[PDB]
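Protein chains in written order, with the deposited numbering: chain D, 8 to 180; chain B, 8 to 181; chain A, 6 to 180; chain C, 8 to 180. Ideal Cβ positions, reconstructed from N, Cα and C, are used throughout, including at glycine.
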Amino acid sequence: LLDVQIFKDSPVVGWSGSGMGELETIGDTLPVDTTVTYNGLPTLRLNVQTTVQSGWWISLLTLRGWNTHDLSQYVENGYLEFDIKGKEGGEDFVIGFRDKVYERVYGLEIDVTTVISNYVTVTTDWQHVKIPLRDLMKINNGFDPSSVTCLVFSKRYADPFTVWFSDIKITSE
Amino acid sequence: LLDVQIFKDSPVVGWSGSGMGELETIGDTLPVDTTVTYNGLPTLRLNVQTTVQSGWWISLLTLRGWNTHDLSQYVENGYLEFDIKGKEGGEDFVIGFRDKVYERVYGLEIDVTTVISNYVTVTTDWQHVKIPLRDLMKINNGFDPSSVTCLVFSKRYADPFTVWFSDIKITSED
Amino acid sequence: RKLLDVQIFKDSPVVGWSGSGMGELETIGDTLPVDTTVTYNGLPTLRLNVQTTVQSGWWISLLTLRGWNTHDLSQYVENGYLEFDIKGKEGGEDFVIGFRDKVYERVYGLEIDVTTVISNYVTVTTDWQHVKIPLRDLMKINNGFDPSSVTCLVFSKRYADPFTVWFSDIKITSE
Amino acid sequence: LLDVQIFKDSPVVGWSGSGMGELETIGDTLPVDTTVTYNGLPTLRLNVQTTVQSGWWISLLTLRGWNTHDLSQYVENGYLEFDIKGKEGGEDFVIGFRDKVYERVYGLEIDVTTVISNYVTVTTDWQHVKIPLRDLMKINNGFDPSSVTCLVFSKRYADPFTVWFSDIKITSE
C-alpha cells in the first residue's frame, strides 16, 4: 500500500501566514529553499523572521489541493514522516492535520496536533522523523481521518526560528 | 493505454477570445511561442495584456476539432497533465473541460473547472503538473465525459498576466 | 532638374511608428518588422501583418521619410508615383495607404493624412505584383495637405480583418 | 565574408536618450546631419547639449531592428570601424555592443564597452578608426556575440560635447 507525498521538491498549494507578517511566505505558501538542498532535492523553509506578540501564525500544506483525502486506512499503523534540519537547534511548534465535515456542527474543519518536540530534539542537522498516525488521529474530538484536507504547522511559543524540510509524506504498510 | 495530446508543438483548432480584445490571440487561437522553447518544443502562450473590466476571456483548445471524444475510461485514474512557466509568478485562472449533449436541456455544453492555483503555485519556472480527472469530472452537474469537446481556460481574477505551456496531454493507464 | 528617386524602404528597417489597439499589429520596437526569410529580387521585404482581429478598431503604420522630418515633395505631385511591389498571404487583402504632413500655422489640423484604399490600385495575389500610385490623385482634395511638408507614408486599418502582406522597394518616382 | 552596416546614410532604429533630455535626439534616435557631409554621404551626430548632472545618457543603434544577429564568426579578427570628427577635440565616451540571452540569469541584455579615447584622441578632423572585436567581446563577463542586438554609446565624463560619424560598419575576414 501507497505513499503520499505532502512535499517533495516544489511549493505546495496552500496557505501559510501570520498576524503582522512574521512568517516568511511567498504567495502565501511556504518559501521553497534551493540554496540549501538535501538528497539532491531542495527543501521546504519554515521561517518565522521576528518575535510574534500577535501570538499567531499558521501553515496549511494541502494534500489534494483543498480536497479531502480518505486516510482512514493509514491510521492504525501509519506515519507522517520526513526530514528536518534547523537554524540553531532546540526549536519547537505544532504539527498536524485538519479535516472537513459539513455535517458536524461544533466544528467544520478540526485540527489534530502535536508538538514536534515529542518526536524530536532539533539539531543543526538533518534527521529523519516519523510520527505514528495512531496517536493524533485518536482523541474523540471528532476528527474524521477519512476527510483530511491538510497538514498543519502552527505557533507554539512566540519565538522566531527557522527550520527546513524534505520529503514530507505519509506511509503505512 | 493511450495518450491524448491536446497540444504539442503547433497551434490548436479552437477558439479563444476576450471582451475588449484583452486576450492575446492569433486568428482566434492562442499564439504559439517559438522564441521561448521548452525541451526542444515551442510552447503555447496564454497571455492577457491589460486589465479586463469586461470581466471576460476564454480559451477553448479542442480535442477533436470540435468533435466529441469519449473519455469515460480515462476518468477513473486519469490526469490532464502539462508544464508551465509564468511571466512574473503566482498567476491564476480557470481550467477544465466542456462537453456537448443534445438531448440534455438545461445545458448544451457544460464546463467543468478548477482554478489552477489548487494544483500549483506558479514560478518564473518550469514545473510539471497533473490534474486528477476524477476530481473534476465528478460533481453530478451533468457533465458527460464520453462527450468532451475540449479544454478550457477562462478568467478568474481580472488581472493581467502571461503564462506558458508544454506538452498538454491527457494520460491514464490500463 | 531631370529627377531623383525617394526610397521609403529598400532593405533595412524604417524609423517610424506603427502600433495598434490591443497589439494586433506585428511590431518590433514599433516599426514594422523586416522579413529575412521571404526575400524578393535579392532584397528583403517589409512585413505588414495583423495577426488577429481588430476589436479595437485601429491600427496604423507610419513609415517616415526623413526621420520625421518635413520633406518637400511639391515638385513630384503632378507627375509623381508612389510605387513598389506587393505579395500577400492569401489574396484580396485591403487597407489604407498614404501620407501624413506637418504644418504649424494651420489650426484645424497639424498633421494631416491623404489616403487611398490600395484596392483601387490593385487586387492582391499570392504573388508579386508591382504597382504605381499617382501622387496627383491623393495630394489633391482641398483638405489642406501641404505636399511640401510631408513627414511620412502611412498604412492604416480599413476592415477589421486579419491578414499579412509584403513589400519591396517602396519609393516615390516622377520625371 | 560580408560587411555589416550599422549606419550609412539614414537614421537608425533604436533608442538613445538622456536624463533631463541633455542628449540631442529626435524620435528617440540620433539625428542625421545633412549640412555636415563626409564623402558624399551625411553623418550621424552624437551631440550632448548641456552638462549632465542626472549622470546618464545612452544610445543604442540596432543592428537588425532589435533582432539578434550572430557575430561569433567575426570576433577573432573583427573590427567595429568608422570615421569621426568632433566639435572641438579631445572628447570621450563609451562605445560597444549589447546582446540578449533569455536563459541567462544575472543579466538579460549585457554590454561590452570601451572608451574611444583608447583607439583615438579626437580632432576637429576626420579620422578613420578600427576597433578589434577581439578586445571587447572577450572578458568572461558572459557576453554572447552570437546574439548581439546593438551598438552602444553611453556617458563617460559628464561634459557636454558633440561628434559626427560616418560609415559605421563591422568588417572582418
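Just to confirm before moving on: does the CB-CB distance between residue i and residue j stay below 8 Å?
i	j	result
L37/D	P49/D	no
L70/D	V159/D	no
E29/B	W73/B	no
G96/B	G34/D	yes
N125/B	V108/D	no
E180/D	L8/D	yes
Excluding the 5 residues flanking residue i on each side, which residues of the same chain have their C-beta closer than 8 Å to its C-beta?
i	result
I177/A	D10, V11, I13, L78, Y81, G85, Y86, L87, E88 and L140
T32/C	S23, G24, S25 and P38
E83/D	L140 and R141
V122/A	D99, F100, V101, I102 and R163
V127/A	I91, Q134 and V136
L115/A	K107, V108 and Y109
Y113/B	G149
Leaving out five residues on either side along the sequence, give the residues of the same chain with a beta carbon under 7 Å from the beta carbon of residue i.
i	result
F150/B	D106, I117, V119 and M144
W133/C	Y45, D90 and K92
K137/B	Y86 and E88
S153/B	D77, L78 and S79
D16/D	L48 and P49
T41/B	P49
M27/D	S61
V43/C	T50 and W171
Comparing alpha-carbon positions, which option in the options lies nearest residue i?
i	options	result
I102/B	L67/B, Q134/B and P152/B	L67/B
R111/B	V127/B, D99/B, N148/B and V122/B	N148/B
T130/C	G62/C, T42/C, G47/C and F172/C	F172/C
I146/D	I175/D, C157/D, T128/D and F104/D	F104/D
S161/A	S61/A, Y113/A, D174/A and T75/A	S61/A
Who are the Cβ neighbours of residue i in its own chain at under 6 Å, not counting the five residues just before and after it?
i	result
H135/A	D90
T75/D	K107, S154 and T156
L53/B	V170
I175/A	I13, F14 and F89
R6/A	none
Tell me residue i's beta-bridge partners as DSSP assigns them.
i	result
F104/A	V119/A and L158/A
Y45/B	Answer is none; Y45/B lacks a bridge partner.
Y86/A	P139/A and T178/A
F172/A	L51/A
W133/C	DSSP output for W133/C lists no bridge partner at all.
residue 185/B	This structure cannot speak to residue 185/B, because chain B is shown only from 8 to 181.
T36/A	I33/A
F14/B	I175/B
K145/A	Per DSSP, none; premise fails for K145/A.
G93/C	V170/C
Do the stretch 55-62 of chain C and the stretch 160-167 of chain C touch if we need at least three Cβ pairs shorter than 8 Å? yes
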